[PDB]
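**Student:** Residue numbers (the entry's author numbering): 1 to 90.
Sharing a structure below in structure tokens format, with a few things to ask.
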């Protein structure tokens, strides 16, 4: 399967959600849904970004939370990017 990587800005994102209301295992648990992309909220539904950067896609595991990440088939790994909410971060 594909591993799970983390970025810098990402580490600073969870710290803001964990205080307001978030779980640690939730991420390692949602990974199974990120690789398959089954839920992603029916009304939301994951989608690409396009515009010079095709290797970039964001989803929403929760009804009020996004999740930007980038896949790397070169070594089958799931590298995350961002995660949280617009109102939360700002």
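Built from N, CA and C at the ideal position, the CB exists for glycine as well.
#1: Got a sec: is the Cβ-Cβ distance from residue 31 to anything in chain C below 8 Å?
#2: Residues in its own chain within less than 8 Å of residue 54 by CB, not counting five upstream and five downstream?
#3: For residue 47, write down the residues that DSSP places opposite it in a beta bridge.
#4: Can you give the Cα-Cα distance for residue 28 and residue 4, rounded to whole angstroms?
#5: Since residue 35 and residue 89 should fall inside the 8 Å C-beta cutoff, what is the C-beta to C-beta distance between them, to a whole number of angstroms?
**Tutor:** Let's see:
#1: This model lacks chain C altogether; it includes just one protein chain.
#2: To locate residue 54, count along the chain shown from 1; it is residue 54. Closer than 8 Å at the Cβ level, and outside the excluded window around residue 54, lie 48.
#3: Within the chain shown, numbered from 1, the residue matching residue 47 stands at position 47. For residue 47, which the question treats as bridged, DSSP gives the partners 58.
#4: On the chain shown, residue 28 is found 28 positions in, with the first residue counted as 1. On the chain shown, residue 4 is found 4 positions in, with the first residue counted as 1. About 8 Å.
#5: Locating residue 35 in the chain shown gives position 35, counting from the first residue. Locating residue 89 in the chain shown gives position 89, counting from the first residue. Contact doesn't hold; Cβ gap of about 25 Å is too wide.
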